[PDB]
Amino acid sequence: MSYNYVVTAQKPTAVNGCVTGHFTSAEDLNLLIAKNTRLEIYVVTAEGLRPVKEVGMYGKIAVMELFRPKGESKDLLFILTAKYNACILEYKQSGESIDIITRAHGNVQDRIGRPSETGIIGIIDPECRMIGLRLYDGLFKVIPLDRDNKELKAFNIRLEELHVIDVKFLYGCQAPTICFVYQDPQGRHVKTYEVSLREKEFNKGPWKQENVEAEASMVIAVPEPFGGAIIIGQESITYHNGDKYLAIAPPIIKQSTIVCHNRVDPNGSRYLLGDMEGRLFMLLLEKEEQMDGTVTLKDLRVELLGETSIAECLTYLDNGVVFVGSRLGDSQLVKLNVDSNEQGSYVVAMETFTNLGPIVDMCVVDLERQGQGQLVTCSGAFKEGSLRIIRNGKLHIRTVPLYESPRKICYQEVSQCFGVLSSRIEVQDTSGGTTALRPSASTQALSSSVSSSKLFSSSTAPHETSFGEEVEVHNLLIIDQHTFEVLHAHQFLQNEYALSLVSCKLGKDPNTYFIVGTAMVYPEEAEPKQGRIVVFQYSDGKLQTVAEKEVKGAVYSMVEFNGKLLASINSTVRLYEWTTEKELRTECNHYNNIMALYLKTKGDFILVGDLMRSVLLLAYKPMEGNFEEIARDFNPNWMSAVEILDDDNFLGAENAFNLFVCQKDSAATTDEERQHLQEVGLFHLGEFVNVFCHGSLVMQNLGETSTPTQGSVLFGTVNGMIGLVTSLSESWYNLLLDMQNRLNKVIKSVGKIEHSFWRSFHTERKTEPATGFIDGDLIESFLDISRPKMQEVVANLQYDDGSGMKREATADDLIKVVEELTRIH
Amino acid sequence: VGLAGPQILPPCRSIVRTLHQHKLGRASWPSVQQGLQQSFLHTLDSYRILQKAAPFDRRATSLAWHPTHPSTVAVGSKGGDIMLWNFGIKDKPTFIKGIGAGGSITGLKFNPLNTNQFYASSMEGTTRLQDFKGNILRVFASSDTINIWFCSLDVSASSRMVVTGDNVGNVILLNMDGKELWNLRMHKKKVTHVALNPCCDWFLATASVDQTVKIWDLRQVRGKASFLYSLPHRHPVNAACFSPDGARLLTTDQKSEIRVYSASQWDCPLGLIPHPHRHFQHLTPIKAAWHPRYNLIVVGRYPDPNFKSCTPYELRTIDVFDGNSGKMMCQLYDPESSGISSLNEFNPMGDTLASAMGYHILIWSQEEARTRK
């Protein structure tokens, strides 16, 4: 009875991986980029990047590596998805028709296994003898690269070391050899193993185990003539090869963790290093000659090159240019110069590529024109953090740099501004409190108002701070809707984090307030036990504290409720009334929760999203003044977000990247049965949803009756993808889903992955086919195939055109349908 | 050992911020699951207030949870007496009696299809499927000669199979409508427990008094101990229960031991959790259990003056360990319940625990909430 349609409005922008090689031709230098479902293929030019191809895969790319077996004139590509579909692909071009051929494909899922902590790791032997995968603890999977292994058949080897940090195949070994860093009760160590295919087992490696730094975190396989391996830690960089040992401890790198690396020279003489603060270093290997013609390592050196966006990955292209792929900020092309500029930097930005991710919160406002909705998102994190303003007409994006991490947003029409929760990092200063790493919005406001609140400053046991602890400083910014200048910044107390924010009227009071829920943070508490709700009023460019309410827990969420304030505190959902004397009074409470993170409301009904009790449907009783548990989803789901579609339909998203739709049990004959929500819809989105919100970007056609879908809920993701969910009738649902089946019979899936498998519900507990959800992206893909393929798709189809009786469907009819559908986003 | 006790504190680091870190995409899911496991342990040290108690006649032998609903549970006695009980209903729960002497129910799972049904294994020698109103729907198999009876039972719905164990050494495997192609012998003595994996469908586990626990492949093996794997022990085994995820097998002995075997190389173990659950005649044998959504273990303690205790205070209590580490994290205790918690089982839901002691049934939910207007 609930039928839903999901569609991409903006494809994901974050980069999960990027590599260089020769894929489109033996002569071309190509750049391959992964954005979570999309594979982008560019040619490197003297000026920049030429787009050659963009494809979608039915899967989340976790590994992306190029390789050239013997007999191949150019590189092949290995891809592995999050659902452990593996495929080897080849680029094919003929005229202007470009095809990626599937050379090999297979599912390498084992029956059993716990996925590891550091995630899927995938590497390929330099000699193209084998692929190695770290999927589960204690195991190393090997796909022998035989030409007949078109199914990618594999075997497992035991790893005695169960907690592997990183691993790489080595260069210059007569036998395939892996080197890896692992953790055990004695600390961190580095070790190697040879890989015997004959025995399908490890053999003793060429050099003995050595202890490494406690935070040894990355391995770099150095090519010949160097060979050996480099181990990157938090304070030191070491190199190991046989009897060769060389370690350095440059202080410059201790301030921030190195997180990605890339080789600059083919012989391994230089490497790039990227940290969490966006700093880019040059790592230099000094050669030492040997009388036998071999080369040993003489020295290691680190050189600060400059600052970039915070890099998930780096790739040297050519001519001193590097691509900086970020997930937390925009990606970039940067030029490295041999000589520094005035500020001592060797870095010059060449080009920037929009990244919306992470979208942690957003809202829709008719910023410019009534009925023209625009989406304002809190985007980015630390020095990359921004606001992003998005409108249709494909899309125009305005960027407001904040230089600090946003957390929440709301809009306040009557003040013509936005309230924005934000946070910055500070480190202990020379003599005093803490100091900021750079200027940012909370430190560059036109005016500021530190919290002079002393609600519980008295009779409150302070908790002590030792030298060395870094701090997060949270602020509420008030920002102009037109200029997006930081108008005001209110700094909260030491150690208190602001979590939720709403702007609303309350009770019979005509003033409009900004309301914030917070939590006291202390290092030893399994959960916060102290927090505040704080009601401010904005006037004269500042916030004045009108009221506070102390509570024993973290105010995770708040929502306006019929002029009252509903708020989630630790395992409770609490309603407060606004009295005439302007104070918060507890109206009512509900308790059957572990940790209530998310709330949404409609009418007198409340939908609660739980940390562990996935969803709960509550009702307020005006003639009784209390809550009743109406129903619950008794299937466990670790939620990340929830939404109300309507009075009868409840949407949820969970941490294993799926969506579900709950309803009341229509076929319930008892109050007990009536209390069971039924998960009637299931869909694997492939994204981590952080927020839903009602609204639309497409101009609304006032009085447009007889459309396919009804309602519109936008949602935002970690990868910066934005999508739209809308409602369907039963007949439309049937139509488009049959269309999906036949499209699946016609469409060529990259890597020979089935659409059904990809959208299939999937958690560590259960696997079930999709239901109740139309893959809108797949439907829109109808419009891009050739006409004969459309005719095949619509072959033997009974179709109800407009209102009437059934007849044979023609391609143009379905084109019309899908074109109307594309205009909802 | 350590890190929690009557005096020592449960809570480790205050990492809850990680949730928003997950909202940003930096930190990975397993760390979050770790932190929320930590959270559940912290609030579990406030499960201490025993919610409800329930008696009936002679002795408890088996326990089972209604899968869909939290507050409902089924329990099976020494005398073929079954009970079905729901909380927050107050409608004086439902009962069904049996012979009372030699009809000891020993296995009990709900019906995955018709919630008002249940499977059962009985000392009478009749693996049956029967209603909570009393009507027996179908017998499935039979001894056909007294003094030889069944002990173990389990079922799977995704594969539509039933499996049951005897008191001598042979296992039977039926379909949900009969159609028996099995009853080859697996062991030399009584089979105490047996179970199917939920995340695959077609490898099986059985445990016995033979000091051995065995992993089978019910479609591929037909050759009378042409098995897949066999793990030895120093003592007999009271129970072998799978994970929900399917990769961690748990095993629990009769003398003093718990073992964790993994997917990776069934033979060798990951870790030994020494802890006393000594076997005895009139006592109900002890059955470790997983918690469906974490890597925890829950067990009943039965002290032994001969067991080398690391902790100096040894009371009659319910212990809670970590799966993939080895040591402990919590201990539930409440006087007025100094009996020995033979059975303990968490809900599939995650908010409730049931304990079956001698002549007693206990419910351990939290309480003492704040109030509405």
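Sequence order for the protein chains is K and L. Going by the entry's author numbering, the letters in the first sequence line up with residues 1 to 393, 709 to 1140, in that order. Each residue of the second sequence is one higher than the one before, counting from 55 in the entry's author numbering. Even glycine gets a Cβ: it sits at the ideal position worked out from N, Cα and C.
- Taking 8 Å as the threshold, the shortest C-beta distance from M927 of chain K to chain L falls below it.
- For the options K:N952, K:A175 and K:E969, the alpha carbon positioned closest to that of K204 of chain K is the one of K:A175.
- The C-beta of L326 of chain L has fewer than 16 other C-beta atoms within 10 Å across all chains shown, which makes the residue exposed.
- Looking from the CA of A259 of chain L, the closest CA among L:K362, L:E234 and L:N292 belongs to L:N292.
- Using a Cβ-Cβ cut-off of 8 Å, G404 of chain L counts as an interface residue toward chain K, since at least one Cβ of chain K sits closer than that to its own.
- If you draw a straight line from the Cα of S236 of chain K to the Cα of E96 of chain K, it comes to about 50 Å.
- Remark: fewer than three beta-carbon pairs, one from each stretch, lie closer than 8 Å, so the segment 360–379 of chain K and the segment 337–350 of chain K are not flagged as touching.
- Per DSSP, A1126 of chain K is one residue of the alpha helix (DSSP H) stretching across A1126 to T1137.
- Taking CB atoms only, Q91 of chain L has no neighbour in chain K less than 8 Å away.
- The beta carbons of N4 of chain K and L1043 of chain K sit closer together than 8 Å.
- C-alpha of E896 of chain K to C-alpha of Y726 of chain K: approximately 26 Å in a straight line.
- Beta-bridge pairing by DSSP links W344 of chain L to L:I351.
- With at least 16 other beta carbons inside 10 angstroms of its own, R313 of chain L counts as buried.
- Taking a C-beta distance under 8 Å as the contact criterion, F1088 of chain K and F1003 of chain K do not qualify as a contact pair.
- Below the 8 Å Cβ cutoff, chain L contributes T122 and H123 as neighbours of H991 of chain K, in chain order.
- A Cβ-Cβ contact shorter than 8 Å links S158 of chain L with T115 of chain L.
- Within the segment 277–296 of chain L, no residue places its CB atom closer than 9 Å to a CB of chain K.
- Shortest Cα-Cα distance from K233 of chain L to any of L:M215, L:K243 and L:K244 involves L:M215.
- Shown here, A756 of chain K sits in a helix according to DSSP, grouped into three states.
- Not flagged as an interface residue toward chain L: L808 of chain K, since no C-beta distance is shorter than 8 Å.
- Annotation: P185 of chain K has no Cβ neighbours in chain L at a cutoff of 8 Å; minimum Cβ distance is about 10 Å.
- With respect to chain L, the C-beta atom of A841 of chain K has a partner C-beta closer than 8 Å.
- Assignment of beta-bridge partners to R50 of chain K by DSSP yields K:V43.
- Straight through space, the alpha carbons of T160 of chain L and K132 of chain L are spaced by roughly 8 Å.
- Listed as beta-bridge partners of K191 of chain K by DSSP are K:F180.
- The secondary-structure analysis by DSSP pairs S116 of chain L across a beta bridge with L:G130.
- The beta carbon of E811 of chain K does not come within 8 Å of any beta carbon belonging to chain L, so the residue lies off that interface.
- Look at the segment 56–77 of chain L: the residues with a C-beta under 8 Å from a C-beta of chain K are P64, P65, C66, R67, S68, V70, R71, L73, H74, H76 and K77.
- Residue pairing by DSSP places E969 of chain K opposite K:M954 and K:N973 in a beta bridge.
- By the rule that beta-carbons nearer than 8 Å mark a contact, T305 of chain L does not touch chain K.
- In the assembly as shown, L1098 of chain K is an exposed residue. Its beta-carbon has fewer than 16 other beta-carbons within 10 Å.
- Judged by DSSP in its simplified three-state form, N4 of chain K adopts strand.
- Within chain L, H74, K77 and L78 have C-beta atoms less than 9 Å from the C-beta of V360 of chain K, given in sequence order.
- Every beta strand (DSSP E) stretch that sits fully inside the segment 1011–1086 of chain K and reaches 3 residues is listed by chain position as 1025–1032 and 1037–1043.
- Counting every other CB atom within 10 Å of its CB across the protein chains shown gives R288 of chain L a total below 16, marking it as exposed.
- Taking 8 Å as the threshold, the shortest C-beta distance from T887 of chain K to chain L falls below it.
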